[PDB]
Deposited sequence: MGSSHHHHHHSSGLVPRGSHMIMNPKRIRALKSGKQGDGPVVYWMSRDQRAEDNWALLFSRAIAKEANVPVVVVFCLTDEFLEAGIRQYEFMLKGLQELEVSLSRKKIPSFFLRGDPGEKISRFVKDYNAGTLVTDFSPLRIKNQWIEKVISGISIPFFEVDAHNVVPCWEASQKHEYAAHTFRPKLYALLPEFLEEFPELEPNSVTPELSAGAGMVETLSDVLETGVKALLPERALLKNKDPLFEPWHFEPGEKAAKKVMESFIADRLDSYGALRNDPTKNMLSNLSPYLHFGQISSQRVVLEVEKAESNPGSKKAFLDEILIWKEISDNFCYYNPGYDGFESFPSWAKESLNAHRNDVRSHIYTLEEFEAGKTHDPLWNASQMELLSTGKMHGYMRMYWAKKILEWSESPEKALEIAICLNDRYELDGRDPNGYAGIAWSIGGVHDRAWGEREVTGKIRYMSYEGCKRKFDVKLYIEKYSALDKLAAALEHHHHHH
């Protein structure tokens, strides 16, 4: 019943007579998960129960309370949802390449399954796991509508090369999800969420008046809330998306990106629901292009350039152009600290930084601006990269994500873009100006909203 182009064999072996174990990692939800649906099947095709394992890692120390609380409040709800269908969830603390490896032994796992990520480190882990299990090891793309290694086989130069590949594959791969069959047969998150927050408090972004910057109430975490954010977008916001998606003063975005990043909702379900929805076709076309083409070319990009977060993976015309302007006199140079605390000369730029700092989700359009100004106002393209990756990943609820590196790459280095008119400092890299912003939206509204923060933020 499940399309088998979704499964890839990591380590062929003989099946053990124990349970099927889903090493969960990317797709932290219970519904609409091909990898957990696939685990139920081969557990049922062998009469063993299915179980799920998650592994907390030391990565959360590289970002903030905001995301750790987002993720873990998701797991507390997941965990209950899984128990309801009799599927135990066990949570591990440490390096997967050792902990998953042990778990597979201590539990006599018959077969191992994991969801798919393109980030370098998940493959580092897969290979320590492969190297230490005797059972078989299976990988299922639960994140993409069309499995990343099937849509294309090379790096897609631009979205217009990639778009027909994927759409010709859609009619075979866009299906409804079966329901999750309950089966028949470590630590507690409570303490895990407390130790982490006690460890992350020293970094928690505060204002001069001691209070935190972050506003936790713009995005309730979990599978439930995410489903409600999709249903709402589809009824109130999808008709307006094409027209109003570049207005930072509206709130016409879907606001799914923090759910999708953590897999708290399946992008395949959004597609299904949008397709079936009767709205302005131009909005459905413009929205599907984001959640389909751009989301998955971002996976295609990471999976095929391991240097995804470095200057080297820029296309050639862009490396040479930026090189030629390495010795240009930047108008302004800021340090990482100065960007962070919104101390530029450009009250629009600082505004988008206040929106990132306090909410954890910067508007789609401003994110572009945000990034191209860092290039202009740093001493080199490598610092621009570094500052951009650092701030994005540390402050976006949807950061540490393929969409993130591929998005910066587009802004700073023209991955998936094209060559525009040569400029000093920024080369042939597409330019964006404050007056360019002015004909698109009421700049001073934006500026006005977050003006009150910068005075207070230290």
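S.K.: Walk along the deposited sequence from position 1 and note every stretch that has no C-alpha coordinates.
M.R.: Those stretches are 1-21, 207-216, 490-498, listed in order.
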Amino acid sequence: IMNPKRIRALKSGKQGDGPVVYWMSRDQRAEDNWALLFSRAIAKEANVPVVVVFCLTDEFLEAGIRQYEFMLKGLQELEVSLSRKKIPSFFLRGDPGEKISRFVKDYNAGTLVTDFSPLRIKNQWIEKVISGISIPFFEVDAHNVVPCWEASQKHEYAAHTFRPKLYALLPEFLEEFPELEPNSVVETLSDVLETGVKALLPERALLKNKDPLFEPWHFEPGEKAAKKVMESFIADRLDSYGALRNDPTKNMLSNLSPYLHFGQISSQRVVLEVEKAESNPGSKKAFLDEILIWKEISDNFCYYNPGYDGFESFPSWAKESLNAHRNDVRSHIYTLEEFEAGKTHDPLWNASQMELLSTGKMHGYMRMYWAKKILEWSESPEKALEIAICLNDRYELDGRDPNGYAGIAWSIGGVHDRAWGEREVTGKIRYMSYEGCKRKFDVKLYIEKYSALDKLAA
From here on, numbers count along this sequence of modelled residues.
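S.K.: Return whichever of 231-239 and 257-265 has the greater mean Cα B factor according to the PDB record.
M.R.: Per the PDB record, 231-239.
S.K.: For the stretches 416-424 and 389-397, which has the higher mean C-alpha B-factor as given in the deposited record?
M.R.: Comparing averages over the C-alpha atoms only gives 416-424.
S.K.: Out of 65, 30, 406, 43, which residue has the highest Cα temperature factor in the PDB record?
M.R.: Spelled out: the listed residue with the top C-alpha B-factor is 43.
S.K.: Out of 363, 218, 105, 284, which residue has the highest Cα temperature factor in the PDB record?
M.R.: By C-alpha B-factor in the record, 105 ranks first.
S.K.: Ranked by Cα temperature factor within the chain, is residue 313 in the lowest third, the middle third or the highest third?
M.R.: Tercile = lowest for this residue's CA B-factor.
S.K.: Using the B-factor values recorded in the entry, state whether the Cα atom of residue 307 falls in the lowest, middle or highest third among the modelled residues of its chain.
M.R.: Lowest third, going by the recorded CA B-factors of the chain.
S.K.: Compare the C-alpha B factor of residue 118 with those of the other modelled residues in its chain, then answer lowest, middle or highest third.
M.R.: Within its chain, residue 118 is a lowest-third residue by C-alpha B-factor, going by the deposited values.
S.K.: Ordered by C-alpha B-factor within the chain, which third holds residue 369? Give me lowest, middle or highest, please.
M.R.: Ranked within chain, residue 369 CA B lands in the lowest tercile.
S.K.: With respect to C-alpha B-factor, does residue 433 fall in the lowest, middle or highest third of the chain as deposited?
M.R.: According to the entry, residue 433 has a C-alpha B-factor in the chain's middle third.
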